**Student:** 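Attaching a single structure in structure tokens format; questions to follow.
We count ligands from 1, going down the list as the structure has it; atoms in each ligand are counted the same way. Each residue takes its place number in the sequence, starting with 1.
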Amino acid sequence: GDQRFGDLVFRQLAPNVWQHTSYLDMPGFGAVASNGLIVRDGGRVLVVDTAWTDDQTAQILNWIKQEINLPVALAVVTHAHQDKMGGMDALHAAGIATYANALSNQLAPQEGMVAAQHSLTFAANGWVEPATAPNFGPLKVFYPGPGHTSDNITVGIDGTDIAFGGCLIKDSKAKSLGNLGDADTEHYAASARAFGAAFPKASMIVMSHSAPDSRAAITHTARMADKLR
Ligand SMILES: Cn1c(=O)cc(CP(=O)(O)O)c2ccccc21
Ligand SMILES: [Zn+2]
Ligand SMILES: [Zn+2]
């Protein structure tokens with residue numbers, strides 16, 4: 001199932017959906033995997049999250065060229081940390097339109113990230129304002145509230161059973177909530193539950209640092225975040 005392609009790993013999740021995985025040595029944490037998504041929508045490809053680095057992100061584009069061979073119409077990145085935005089320059093060098101939460105773009109320079117070209121804004125209930133996410137096809141973008149970071153966003157794939165929680169959601173056996181350095185600990189639990197309520201039909205939950213899991217990832221993450229209060 002897993003396909004090793006250079007230093008990256010790709011896994012098909014559905015007929016039109018693949019997970020990309022890249023690794024970065026975290027001095028003190030080992031070589032940390034980070035996952036994003038690749039979605040074919042008709043004659044074009046949509047990407048969720050970069051890899052950790054520009055070189056790795058260029059390799060994602062190389063894999064897309066070889067395995068799908070359709071243009072990448074856009075990428076959306078899910079918060080202003082390196083695992084999700086570290087490869088922005090590679091997307092720009094490739095001519096790909098890029099999108100992030102307005103707050104992620106505001107934070108990008110101080111986080112050492114390059115901002116996306118376009119800013120998403122969100123209604124009070126968390127759903128993306130559609131005018132800011134043109135041509136997103138099956139991607140349904142939802143801001144669940146502050147959690148792993150204040151800017152974290154999530155993405156459902158219409159027509160599939162898949163929703164992507166990024167670094168907000170941990171797997172059903174996870175022992176911790178990971179890096180809380182930029183987290184909102186008071187609101188995390190509610191934000192995790194809001195993600196679940198936004199995508200009630202998603203039976204496959206994809207996340208940044210674990211293999212895809214059932215919805216028990218959501219309940220378990222929320223129950224763990226209850227202890228942060
Ligand atoms: C220590 N530290 C960080 O400062 C930031 C990240 C990326 P993120 O997962 O988006 O928070 C991180 C990831 C895994 C392990 C340690 C880490
Ligand atoms: Zn993060
Ligand atoms: Zn993470």
**Student:** Quick one about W63 and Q3 (side-chain donor to acceptor, distance below 3.5 Å, no hydrogens or angles considered), yes or no?
**Tutor:** yes

**Student:** Just by distance, no angles: are the side chains of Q59 and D55 close enough, under 3.5 Å, to form a donor-acceptor pair?
**Tutor:** no

**Student:** May I ask you to check whether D151 and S104 show a side-chain donor-acceptor distance below 3.5 Å?
**Tutor:** yes

**Student:** Which of the N/O/S atoms in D83 sits closest to the Zn ion (ligand 3)?
**Tutor:** OD2

**Student:** Consider ring pair (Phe, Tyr, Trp, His ring centres under 6.0 Å). Of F122, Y143, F199, which one does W127 pass it with?
**Tutor:** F199

**Student:** Check the pair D182 / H81 against side chain to side chain donor-acceptor pair (under 3.5 Å), numbers first and verdict last.
**Tutor:** CA-CA 10 Å; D182 290 311; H81 282 157; 2.8 Å; yes

**Student:** Under 2.8 Å from the Zn ion (ligand 2), can any N, O or S atom of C167 be found?
**Tutor:** no

**Student:** N/O/S atom of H81 under 2.8 Å from the Zn ion (ligand 3), yes or no?
**Tutor:** no

**Student:** Compile the protein residues with any heavy atom at a distance under 4.0 Å from an atom of ligand 1; present them by chain, then by number.
**Tutor:** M26, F29, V32, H79, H81, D83, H148, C167, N179, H209

**Student:** Check the side chains of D49 and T78 for a donor-acceptor pair under 3.5 angstrom, ignoring hydrogens and angles.
**Tutor:** yes

**Student:** Same cluster for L120 and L139 if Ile/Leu/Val/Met/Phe/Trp/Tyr side chains link at under 4.5 Å?
**Tutor:** yes

